[PDB]
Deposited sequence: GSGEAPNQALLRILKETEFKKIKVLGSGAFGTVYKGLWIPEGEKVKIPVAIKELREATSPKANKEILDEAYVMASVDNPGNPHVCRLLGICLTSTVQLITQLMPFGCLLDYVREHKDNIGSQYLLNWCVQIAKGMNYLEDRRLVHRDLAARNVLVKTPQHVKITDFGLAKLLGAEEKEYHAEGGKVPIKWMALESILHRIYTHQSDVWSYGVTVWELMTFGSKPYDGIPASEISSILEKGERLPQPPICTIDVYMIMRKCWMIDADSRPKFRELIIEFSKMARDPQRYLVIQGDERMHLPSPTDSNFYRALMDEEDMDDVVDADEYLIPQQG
């Protein structure tokens, strides 16, 4: 039967070669993972969390990783898999290196060359990965375009899921029930998915630009939402609006979003209007 792949790594066994970026949970480095007793040198990304932690707190992280990072059994092509973890005065997470970066930077850098087929396919892929997370009862809590990574321009993967349940704030991506009462469910992830789609359709525009984070809940209560992106027909915008209903049970399911976006992906020029398709 299918085994649980996550590995506990020694401080040796992997090396950090260059800083890649970040300033949110920690610092990401590109490096090599040399599994002891083997002859492979695997290129990996290493996230070293900024908080300190203790040997007792590290055991709680280990207990959470055993419940969490293990019950992602078959794997999904659109979900990043945690290859290893090393807890020793710092918390370090090891995944396969993705040289092409995040989808947020990609859509900003290629604004003038992105077609409707690519945009709709990324929506399909993100929903497939999120549906897989829902099947394994894992709430992401931080779905955003910065947390979607580019394997190839035709293949994206979700990363950084459950990085809050591991031990113990993106207001403009959060559902109203998350802002007000810190309630997080697969349906609050659907809201964040809708904001992520908006990010892609606006080529990486900042949601609610120039509006303070303290004002978002009162704007959502008033009924205001993110505007219809220029390339979006009413069809795609309606899906986004459904993701942002106050009633979490009235929002789409990731399983329904796979079907809607896959239908739109079959005839993309009908749903997105881009100068150059």
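- Mapping the modelled residues onto the deposited sequence reveals missing stretches at 1-5, 174-185, 295-332.
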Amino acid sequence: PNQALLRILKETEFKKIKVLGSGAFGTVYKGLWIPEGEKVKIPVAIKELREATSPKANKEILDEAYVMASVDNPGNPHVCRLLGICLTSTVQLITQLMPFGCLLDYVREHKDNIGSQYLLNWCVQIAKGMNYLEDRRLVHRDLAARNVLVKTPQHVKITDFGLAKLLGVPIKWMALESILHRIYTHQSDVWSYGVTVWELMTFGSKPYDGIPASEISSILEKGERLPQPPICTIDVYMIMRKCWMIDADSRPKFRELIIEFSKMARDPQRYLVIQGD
From here on, numbers count along this sequence of modelled residues.
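- The stretch 215-223 shows the higher mean C-alpha B-factor when 237-245 is compared against 215-223 in the entry.
- When the two stretches 108-116 and 126-134 are set side by side, the higher mean Cα temperature factor goes to 108-116.
- Residue-level inspection of the entry shows that, of 47, 251, 30, 50, 50 has the top Cα B-factor.
- Ranked by Cα temperature factor within the chain, residue 82 sits in the middle third according to the deposited record.
- Sorting the modelled residues of the chain by their CA temperature factor places residue 71 in the highest third.
- In this PDB entry, residue 101 carries a Cα temperature factor that places it within the lowest third of its chain's modelled residues.
- Remark: residue 180 belongs to the middle third of its chain, ranked by C-alpha B-factor as recorded.
- Among the modelled residues of the chain, residue 89 sits in the highest third by CA temperature factor in this PDB entry.
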